[PDB]
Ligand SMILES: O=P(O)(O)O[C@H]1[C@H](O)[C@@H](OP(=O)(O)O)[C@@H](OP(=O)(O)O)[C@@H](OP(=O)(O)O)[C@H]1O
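Form deposited without inositol-(1,3,4,5)-tetrakisphosphate, single chain, as C-alpha cells, below.
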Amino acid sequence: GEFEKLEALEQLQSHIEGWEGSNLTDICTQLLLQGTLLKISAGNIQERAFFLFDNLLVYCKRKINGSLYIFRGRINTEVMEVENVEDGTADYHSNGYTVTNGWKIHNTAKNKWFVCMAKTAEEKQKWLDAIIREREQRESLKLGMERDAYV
C-alpha cells in the first residue's frame, strides 16, 4: 500500500547521485511519469531523465553501485508553470533550434525557463496529460482541505 510506495520512493532516490534538498519520502507519495527528454536551457542542450512525482519535478543526467542518475534539478510543482510550444517554433527560448513535440517549463520561484522536447507526439501528450493530472490531484487535495478548514 502506502508504506510500500514510501519504500519504493526511498529506493528510487537511492539510484540518484548528488541529491539536493528534502527527501522524496518527506514530500511525495507516487510517481506519475518518468522518461527521457531533450532539455534546452540558457547554457545547455542535453538529454535529461525527468521524474514527475506528486508535488515535485526532478531532472537528472543519465549516469554493486546502484547509481543510474546524477541529480541536476528540482521544481516544486506548486511554482511550476507549463506552456505549449507549437511545432516549427524556433526562437531564443530554444536557442534557435526548431522545436517539435516540445513545451516550456517555468520555475517561477527562481524565474528560470527551459524547453522540453519529446521524440514523438504521443510521448509529448503523455507528459502534458501527466502534468495536468499532477496539478489536478494537488489542487483537489488543497481545495478539499481549505473547504474543511473554512466551513
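Sequential numbering from 1, following the sequence displayed.
Missing here is the form deposited with inositol-(1,3,4,5)-tetrakisphosphate bound; even so, the following discussion is about that form.
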Exercise. Since exactly one of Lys126, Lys110, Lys119, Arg62 fits, which has a heavy atom within 4.5 Å of inositol-(1,3,4,5)-tetrakisphosphate in the deposited complex?
Worked result: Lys110
Exercise. Pick from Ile27, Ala90, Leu68, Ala42: which residue has any heavy atom within 4.5 angstroms of inositol-(1,3,4,5)-tetrakisphosphate in the deposited complex?
Worked result: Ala42
Exercise. Hey, in the deposited complex, is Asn95 touching inositol-(1,3,4,5)-tetrakisphosphate, heavy atoms inside 4.5 Å?
Worked result: no
Exercise. Heavy atom to heavy atom, is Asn84 within 4.5 Å of inositol-(1,3,4,5)-tetrakisphosphate in the deposited complex?
Worked result: no
Problem set entry | Contact of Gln34 with inositol-(1,3,4,5)-tetrakisphosphate in the deposited complex (heavy atom, 4.5 Å) | no
